Each structure stands twice: as structure tokens, then as C-alpha cells.
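The file start-v4.cif contains mmCIF, C-alpha atoms and all ligand atoms:
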```cif
data_upload
loop_
_atom_site.group_PDB
_atom_site.id
_atom_site.type_symbol
_atom_site.label_atom_id
_atom_site.label_comp_id
_atom_site.auth_asym_id
_atom_site.auth_seq_id
_atom_site.Cartn_x
_atom_site.Cartn_y
_atom_site.Cartn_z
ATOM 1 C CA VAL A 59 129.668 67.685 133.186
ATOM 2 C CA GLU A 60 132.303 66.655 130.637
ATOM 3 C CA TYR A 61 134.621 68.750 128.410
ATOM 4 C CA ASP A 62 133.472 69.964 124.942
ATOM 5 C CA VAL A 63 136.984 71.376 124.124
ATOM 6 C CA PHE A 64 140.708 70.923 124.920
ATOM 7 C CA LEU A 65 143.592 73.353 124.485
ATOM 8 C CA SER A 66 147.367 73.003 124.082
ATOM 9 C CA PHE A 67 150.104 75.676 123.985
ATOM 10 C CA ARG A 68 153.527 76.843 125.297
ATOM 11 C CA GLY A 69 153.295 77.928 128.975
ATOM 12 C CA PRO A 70 156.322 80.333 129.234
ATOM 13 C CA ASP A 71 155.148 82.456 126.243
ATOM 14 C CA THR A 72 151.290 82.646 125.999
ATOM 15 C CA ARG A 73 149.900 80.751 129.082
ATOM 16 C CA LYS A 74 149.034 83.855 131.199
ATOM 17 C CA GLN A 75 149.254 86.524 128.434
ATOM 18 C CA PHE A 76 147.333 85.523 125.231
ATOM 19 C CA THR A 77 145.684 82.091 125.726
ATOM 20 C CA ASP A 78 144.159 83.411 128.893
ATOM 21 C CA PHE A 79 142.190 86.126 127.054
ATOM 22 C CA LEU A 80 140.504 83.240 125.196
ATOM 23 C CA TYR A 81 139.601 81.042 128.165
ATOM 24 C CA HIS A 82 137.702 83.637 130.208
ATOM 25 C CA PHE A 83 135.980 84.861 127.022
ATOM 26 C CA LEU A 84 134.972 81.286 126.137
ATOM 27 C CA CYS A 85 133.412 80.615 129.542
ATOM 28 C CA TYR A 86 130.977 83.457 128.874
ATOM 29 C CA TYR A 87 129.359 81.214 126.229
ATOM 30 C CA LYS A 88 128.450 78.938 129.228
ATOM 31 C CA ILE A 89 130.653 75.948 128.126
ATOM 32 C CA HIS A 90 133.193 73.889 130.165
ATOM 33 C CA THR A 91 136.662 74.610 128.671
ATOM 34 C CA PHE A 92 139.643 72.583 130.004
ATOM 35 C CA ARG A 93 143.151 74.070 130.548
ATOM 36 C CA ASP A 94 146.042 72.560 132.598
ATOM 37 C CA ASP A 95 149.393 74.074 133.739
ATOM 38 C CA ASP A 96 150.784 71.030 135.641
ATOM 39 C CA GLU A 97 154.511 70.861 134.675
ATOM 40 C CA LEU A 98 154.075 67.012 134.642
ATOM 41 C CA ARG A 99 157.520 65.347 135.265
ATOM 42 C CA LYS A 100 155.506 62.696 137.228
ATOM 43 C CA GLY A 101 156.609 59.886 134.920
ATOM 44 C CA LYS A 102 156.458 60.376 131.161
ATOM 45 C CA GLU A 103 152.691 60.328 130.387
ATOM 46 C CA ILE A 104 149.732 60.403 132.853
ATOM 47 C CA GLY A 105 146.767 58.121 131.955
ATOM 48 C CA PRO A 106 144.287 59.522 134.581
ATOM 49 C CA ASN A 107 144.837 63.241 133.774
ATOM 50 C CA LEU A 108 146.127 64.122 130.252
ATOM 51 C CA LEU A 109 145.121 60.855 128.472
ATOM 52 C CA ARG A 110 141.592 60.790 130.010
ATOM 53 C CA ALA A 111 140.829 64.470 129.312
ATOM 54 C CA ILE A 112 141.806 63.903 125.669
ATOM 55 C CA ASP A 113 139.288 61.112 125.073
ATOM 56 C CA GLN A 114 136.701 63.243 126.944
ATOM 57 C CA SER A 115 137.414 66.333 124.737
ATOM 58 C CA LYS A 116 135.447 67.048 121.506
ATOM 59 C CA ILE A 117 137.152 69.890 119.584
ATOM 60 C CA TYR A 118 140.940 69.703 119.867
ATOM 61 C CA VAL A 119 142.208 73.245 119.307
ATOM 62 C CA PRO A 120 146.004 73.499 119.663
ATOM 63 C CA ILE A 121 147.724 76.876 119.553
ATOM 64 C CA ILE A 122 151.096 76.554 117.763
ATOM 65 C CA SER A 123 153.717 78.918 119.292
ATOM 66 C CA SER A 124 157.231 79.992 118.150
ATOM 67 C CA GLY A 125 158.784 77.637 120.749
ATOM 68 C CA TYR A 126 156.168 74.878 120.259
ATOM 69 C CA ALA A 127 159.116 72.658 119.135
ATOM 70 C CA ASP A 128 161.388 72.610 122.261
ATOM 71 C CA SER A 129 159.305 71.226 125.206
ATOM 72 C CA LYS A 130 159.740 67.420 125.458
ATOM 73 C CA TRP A 131 156.155 67.147 126.737
ATOM 74 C CA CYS A 132 154.249 69.151 124.128
ATOM 75 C CA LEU A 133 155.154 67.320 120.916
ATOM 76 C CA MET A 134 154.670 63.789 122.264
ATOM 77 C CA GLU A 135 151.266 64.983 123.451
ATOM 78 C CA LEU A 136 150.472 66.512 120.060
ATOM 79 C CA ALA A 137 151.313 63.207 118.375
ATOM 80 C CA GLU A 138 148.673 61.645 120.618
ATOM 81 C CA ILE A 139 146.118 64.174 119.373
ATOM 82 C CA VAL A 140 146.288 63.831 115.591
ATOM 83 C CA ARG A 141 146.776 60.070 115.904
ATOM 84 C CA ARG A 142 143.552 59.696 117.886
ATOM 85 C CA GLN A 143 141.879 61.987 115.349
ATOM 86 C CA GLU A 144 142.626 59.802 112.321
ATOM 87 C CA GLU A 145 140.756 56.811 113.766
ATOM 88 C CA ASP A 146 137.394 58.506 114.394
ATOM 89 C CA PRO A 147 136.981 61.604 112.189
ATOM 90 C CA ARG A 148 133.837 62.547 114.105
ATOM 91 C CA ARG A 149 135.915 65.240 115.841
ATOM 92 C CA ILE A 150 137.945 68.046 114.250
ATOM 93 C CA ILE A 151 141.062 70.246 114.710
ATOM 94 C CA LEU A 152 141.128 74.089 114.330
ATOM 95 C CA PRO A 153 144.768 75.161 114.713
ATOM 96 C CA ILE A 154 145.699 78.803 115.222
ATOM 97 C CA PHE A 155 149.146 79.857 114.051
ATOM 98 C CA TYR A 156 150.618 82.659 116.190
ATOM 99 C CA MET A 157 153.586 85.022 115.491
ATOM 100 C CA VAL A 158 155.061 82.333 113.146
ATOM 101 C CA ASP A 159 154.794 81.650 109.409
ATOM 102 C CA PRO A 160 152.558 78.890 108.068
ATOM 103 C CA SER A 161 155.700 77.711 106.281
ATOM 104 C CA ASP A 162 157.943 76.721 109.202
ATOM 105 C CA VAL A 163 155.282 74.284 110.388
ATOM 106 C CA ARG A 164 155.204 71.792 107.492
ATOM 107 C CA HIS A 165 158.974 71.239 107.209
ATOM 108 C CA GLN A 166 160.337 72.007 110.711
ATOM 109 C CA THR A 167 162.767 74.499 109.161
ATOM 110 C CA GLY A 168 163.366 78.146 110.003
ATOM 111 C CA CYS A 169 163.245 78.699 113.763
ATOM 112 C CA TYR A 170 162.769 74.994 114.561
ATOM 113 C CA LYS A 171 166.124 73.903 113.067
ATOM 114 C CA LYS A 172 167.923 74.464 116.393
ATOM 115 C CA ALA A 173 165.193 72.493 118.170
ATOM 116 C CA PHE A 174 165.605 69.193 116.330
ATOM 117 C CA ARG A 175 169.354 69.800 116.022
ATOM 118 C CA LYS A 176 169.836 68.831 119.699
ATOM 119 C CA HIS A 177 166.787 66.515 120.203
ATOM 120 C CA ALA A 178 168.416 63.931 117.865
ATOM 121 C CA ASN A 179 171.121 63.014 120.443
ATOM 122 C CA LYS A 180 168.850 61.385 123.049
ATOM 123 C CA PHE A 181 165.730 59.752 121.594
ATOM 124 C CA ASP A 182 165.278 57.157 118.837
ATOM 125 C CA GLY A 183 165.815 57.675 115.114
ATOM 126 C CA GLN A 184 162.230 56.650 114.411
ATOM 127 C CA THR A 185 160.368 58.510 117.160
ATOM 128 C CA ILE A 186 161.597 61.851 115.808
ATOM 129 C CA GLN A 187 160.390 60.918 112.326
ATOM 130 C CA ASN A 188 157.012 60.231 113.941
ATOM 131 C CA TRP A 189 156.732 63.765 115.329
ATOM 132 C CA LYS A 190 157.762 65.432 112.063
ATOM 133 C CA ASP A 191 155.203 63.220 110.324
ATOM 134 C CA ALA A 192 152.497 64.280 112.778
ATOM 135 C CA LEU A 193 153.457 67.946 113.124
ATOM 136 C CA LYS A 194 153.281 68.314 109.339
ATOM 137 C CA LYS A 195 149.588 67.459 109.015
ATOM 138 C CA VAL A 196 148.605 70.192 111.474
ATOM 139 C CA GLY A 197 150.101 72.743 109.089
ATOM 140 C CA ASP A 198 147.576 71.846 106.360
ATOM 141 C CA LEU A 199 144.332 72.293 108.397
ATOM 142 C CA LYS A 200 142.389 75.634 108.270
ATOM 143 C CA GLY A 201 143.605 78.363 110.648
ATOM 144 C CA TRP A 202 143.451 82.053 111.533
ATOM 145 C CA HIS A 203 146.893 83.591 111.172
ATOM 146 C CA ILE A 204 147.565 86.362 113.730
ATOM 147 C CA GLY A 205 149.457 89.302 112.153
ATOM 148 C CA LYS A 206 151.661 91.448 114.439
ATOM 149 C CA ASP A 207 149.029 94.170 113.693
ATOM 150 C CA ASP A 208 145.898 91.938 114.039
ATOM 151 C CA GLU A 209 143.667 92.852 117.041
ATOM 152 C CA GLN A 210 144.319 90.283 119.797
ATOM 153 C CA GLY A 211 140.733 91.024 120.793
ATOM 154 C CA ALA A 212 138.471 90.648 117.768
ATOM 155 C CA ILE A 213 140.213 87.442 116.670
ATOM 156 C CA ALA A 214 139.180 85.961 120.013
ATOM 157 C CA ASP A 215 135.547 87.015 119.593
ATOM 158 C CA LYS A 216 135.289 85.633 116.059
ATOM 159 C CA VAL A 217 137.034 82.337 116.849
ATOM 160 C CA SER A 218 134.696 81.818 119.800
ATOM 161 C CA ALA A 219 131.521 81.946 117.701
ATOM 162 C CA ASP A 220 132.945 79.443 115.205
ATOM 163 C CA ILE A 221 133.476 77.143 118.180
ATOM 164 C CA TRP A 222 130.029 77.953 119.559
ATOM 165 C CA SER A 223 128.403 77.528 116.139
ATOM 166 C CA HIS A 224 129.334 73.844 115.938
ATOM 167 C CA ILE A 225 127.701 73.273 119.335
ATOM 168 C CA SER A 226 124.325 75.024 119.078
ATOM 169 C CA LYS A 227 123.458 73.761 115.589
ATOM 170 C CA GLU A 228 125.139 70.418 116.395
HETATM 171 N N1 LIG B 1 156.864 72.190 131.519
HETATM 172 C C1 LIG B 1 155.976 72.520 130.588
HETATM 173 N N2 LIG B 1 156.352 73.359 129.594
HETATM 174 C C2 LIG B 1 155.452 73.690 128.658
HETATM 175 N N3 LIG B 1 154.184 73.310 128.537
HETATM 176 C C3 LIG B 1 153.845 72.480 129.536
HETATM 177 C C4 LIG B 1 154.649 72.048 130.569
HETATM 178 N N4 LIG B 1 153.938 71.197 131.406
HETATM 179 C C5 LIG B 1 152.739 71.134 130.874
HETATM 180 N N5 LIG B 1 152.622 71.901 129.744
HETATM 181 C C6 LIG B 1 151.451 72.057 128.891
HETATM 182 O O1 LIG B 1 150.291 71.908 129.675
HETATM 183 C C7 LIG B 1 149.202 71.586 128.790
HETATM 184 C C8 LIG B 1 148.083 70.937 129.568
HETATM 185 O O2 LIG B 1 147.047 70.529 128.691
HETATM 186 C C9 LIG B 1 149.836 70.676 127.738
HETATM 187 O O3 LIG B 1 149.474 71.058 126.408
HETATM 188 P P1 LIG B 1 150.727 70.893 125.452
HETATM 189 O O4 LIG B 1 150.684 71.699 124.211
HETATM 190 O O5 LIG B 1 150.976 69.497 125.030
HETATM 191 O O6 LIG B 1 151.737 71.421 126.551
HETATM 192 C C10 LIG B 1 151.338 70.947 127.840
#
```
Please rewrite the model in this file as C-alpha cells.
Amino acid sequence: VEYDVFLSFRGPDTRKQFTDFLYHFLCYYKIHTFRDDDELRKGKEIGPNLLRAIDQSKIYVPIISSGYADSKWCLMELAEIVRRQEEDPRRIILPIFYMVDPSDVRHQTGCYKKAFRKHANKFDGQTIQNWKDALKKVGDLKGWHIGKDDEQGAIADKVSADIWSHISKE
């Protein structure tokens, strides 16, 4: 009746192409998986929808993308994930790097340079340091890298069982 999982990704790149192959596949394990596409813009943060679903979720599984550093909504939401995680470590995080090195995620360099080059002209000089402090930790947790040659299929099947293993054995 509630959500045992919660996703997060970049809509223009993998929302209908790659992430989708995971969601349908996951529902075949008979579990409620939550995914949203609402472009928000109704304020700056919605307590009834995004904030509630987060505290209802159990296994936060973001999916870092190449452009995971441009959307003004994604990062501020990611900061709300890992921050809530550090209070109660009963839950976990299983990131999945995708078509990006596991080196341009701990230092915001590489193909993120242009992203924070322009984001520094509008927001605070401390809020940005908060994101880079939060985004760094995600790039230290365990994660399946997806090589340009890796089967988009089998990776989905294997990563599903590891999610389903933590539920059946509890
Ligand atoms: N305009 C948008 N551009 C990109 N992603 C969006 C947009 N609006 C919403 N999202 C994403 O919808 C997801 C719902 O859980 C949420 O996960 P996220 O990674 O924080 O990016 C958000």
C-alpha cells in the first residue's frame, strides 16, 4: 500500500528510453515502485507529493546521468535524499552510474564544469557548496557502471534481484 523504493533521474535523456526498461521489469517482482514525471514549477518544493513520497520510500536508488548537474530541481532534491539518509541509516542508497565516469562525480569536474559555471550567478555562495558536499558522497557508494558495450538488458535483471533480495530475506 506504500512504496518500498523511489527513483530519480534526468527526464529528457533516460525517462522513456532506459529507466523505463527498469520500471516495468521491477513490477514483475510484484512490488510497488514509484516514478514521477511532473515538471514541478508549482512553487519550489512540494511537501504533499515529492517530500511525502521520500519519507514513505525505503531504498533510494538514484540514477546519475550525464546532465544530472543542470536541472535546478534534481540537485536540490538529491540533497534532500542523502541528508535524510544520514539521520537514520536504516535505509540505503544503490547509485547506478550511466554513460559517465565515476571520476566526474566526486569533484564536479569534466562535463559538469559548464553546469556550475553559470549556476553561481543566481543562488547563494553557501547553497552551492552544500550540493557539491552532498553530490560527492554519492560517488563513493557501491554501483554498477554501465559500459557503452554492457547489455542494457542483463544489468536490469541482475540489479532487480539485488533489490528483491533485500526484501524477501528482510
Ligand atoms: N523539469 C524537469 N527536468 C528534469 N527532471 C525533472 C523535471 N521535473 C521533474 N523531474 C524529475 O522527476 C522526478 C520525480 O521523482 C525527480 O527526480 P529527480 O532526480 O530529482 O528529478 C525529478
* Kindly compile the residues surrounding ligand LIG 1 (chain B) within 9 Å, counting all atoms listed in the file, and format them as number ranges by chain. => A: 64-70, 73, 92-99, 108, 111-112, 120-122, 126, 128-136
Suppose a student applies the PyMOL selection byres (((chain A and resi 145-153) around 6) and not hetatm) to this structure; what residues should they get, written as an mmCIF file with C-alpha atoms, in the frame of the given file?
```
data_model
loop_
_atom_site.group_PDB
_atom_site.id
_atom_site.type_symbol
_atom_site.label_atom_id
_atom_site.label_comp_id
_atom_site.auth_asym_id
_atom_site.auth_seq_id
_atom_site.Cartn_x
_atom_site.Cartn_y
_atom_site.Cartn_z
ATOM 1 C CA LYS A 116 135.447 67.048 121.506
ATOM 2 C CA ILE A 117 137.152 69.890 119.584
ATOM 3 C CA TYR A 118 140.940 69.703 119.867
ATOM 4 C CA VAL A 119 142.208 73.245 119.307
ATOM 5 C CA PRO A 120 146.004 73.499 119.663
ATOM 6 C CA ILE A 121 147.724 76.876 119.553
ATOM 7 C CA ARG A 142 143.552 59.696 117.886
ATOM 8 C CA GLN A 143 141.879 61.987 115.349
ATOM 9 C CA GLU A 144 142.626 59.802 112.321
ATOM 10 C CA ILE A 154 145.699 78.803 115.222
ATOM 11 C CA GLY A 201 143.605 78.363 110.648
#
```
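Distances here use only C-alpha atoms; by that measure, the residue among A:225, A:63, A:127, A:186 closest to residue A:169 is A:127.
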* To do: Considering only C-alpha atoms, return as a list in words whatever protein or nucleic-acid residues lie within 12 Å of residue A:188, sequence-local ones (same chain, fewer than 6 positions apart) excluded.
  =>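 Those residues are residues 133, 134, 136, 137, 138, 140, 141, 181, 182, 194 and 195 of chain A.
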* Between atom CA of residue A:218 and atom CA of residue A:90 - distance in Å to one decimal -> 13.1 Å
